[PDB]
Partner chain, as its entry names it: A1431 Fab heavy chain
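A lone chain, given as structure tokens: the form solved without its partner chain.
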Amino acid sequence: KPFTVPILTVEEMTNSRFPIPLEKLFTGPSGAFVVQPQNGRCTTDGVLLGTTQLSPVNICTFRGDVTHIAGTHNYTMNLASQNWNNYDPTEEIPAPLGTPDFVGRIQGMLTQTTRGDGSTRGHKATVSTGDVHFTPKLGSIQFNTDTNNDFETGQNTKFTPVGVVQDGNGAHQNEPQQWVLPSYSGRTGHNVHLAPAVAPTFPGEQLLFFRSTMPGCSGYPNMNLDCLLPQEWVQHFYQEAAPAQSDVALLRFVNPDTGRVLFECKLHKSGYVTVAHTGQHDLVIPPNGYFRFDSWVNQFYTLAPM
């Protein structure tokens, strides 16, 4: 089976780290950061890595039952799996699939149905993934909400993410921090089963990022969100399971109207893209442009400069 990537254009695709569309392609130097996202991680032959799962809408959602923290507007959620089965904390994953992979405050809504009579309720809620109560690997997290009485125990409860918030007397755009992983077990333990950090290894190369702007809900948040693979590419590799014939697939980005190649890039078998460029750059592309697999090369292939 021949390897392929989707022909969907960048704006026709979805960010793999938050449920929002892609907006653009971005390249920048990453030496100052550790680039180790856990969502949007998939090998080219369809092996999911880290906390990656297949659904574009389950990214950064949580499901489970909640318990009120008396005297506050906070609730603890005991997590269930994404299909309401028991959560298994012994699975060899860093955290439940789809768990956020950055430190920040995510605002959205908590919703609940009472199974007995079908009564429902929904409240604005925020989860702070850097807080000591954020322990998804252990099966528990905390939300700050807009009620101190409405949610019931023993009832299915869902968190739908919307955007990010920034608080404090800190500098503008100081949070979220998209390249800092939460501690999935809080302070009890270190992160386990992580998808590896990625970095360019060939001279003159940088990572190529698929970038979106997260909605902001309060303050002055850093809304940039970069993923290594579109979610639709994850679904595609997962289904095709095309075997890699070398360590690097050469892709060309093509304009369909003219047939002309705009740039070329390396898709590494372990699931990330590099380009030959130095410095921060928002790539200028035709709206109908798309990526096309052209051939198998090695890690020492010299790309045409972007």
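Positions refer to the first chain, counted from 1. Residues that one form lacks are left out of the comparison. Only the largest set of C-alpha atoms that superpose within 1.5 Å between the two forms is called the rigid core.
Missing here is the form deposited with its partner chain bound; even so, the following discussion is about that form.
Here is the short version: of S185, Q178, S140, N74, the single residue with a heavy atom within 4.5 Å of its partner chain in the bound PDB entry is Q178. Interface residue among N148, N191, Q155, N222, judged by heavy atoms within 4.5 Å of its partner chain in the bound PDB entry: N222.
Taking non-hydrogen atoms only, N78 never approaches its partner chain to within 4.5 angstroms in the bound PDB entry. At least one heavy atom of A32 is located within 4.5 Å of its partner chain in the bound PDB entry. Once the two forms are fitted on their rigid core, between this form and the one not shown the CA displacement reaches 2 Å or more only for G170 among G170, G118, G71, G154. Residues present in both forms were considered; between this form and the one not shown, the rigid-core fit shows Cα displacements of 2 Å or more across three or more consecutive positions only at 169-171.
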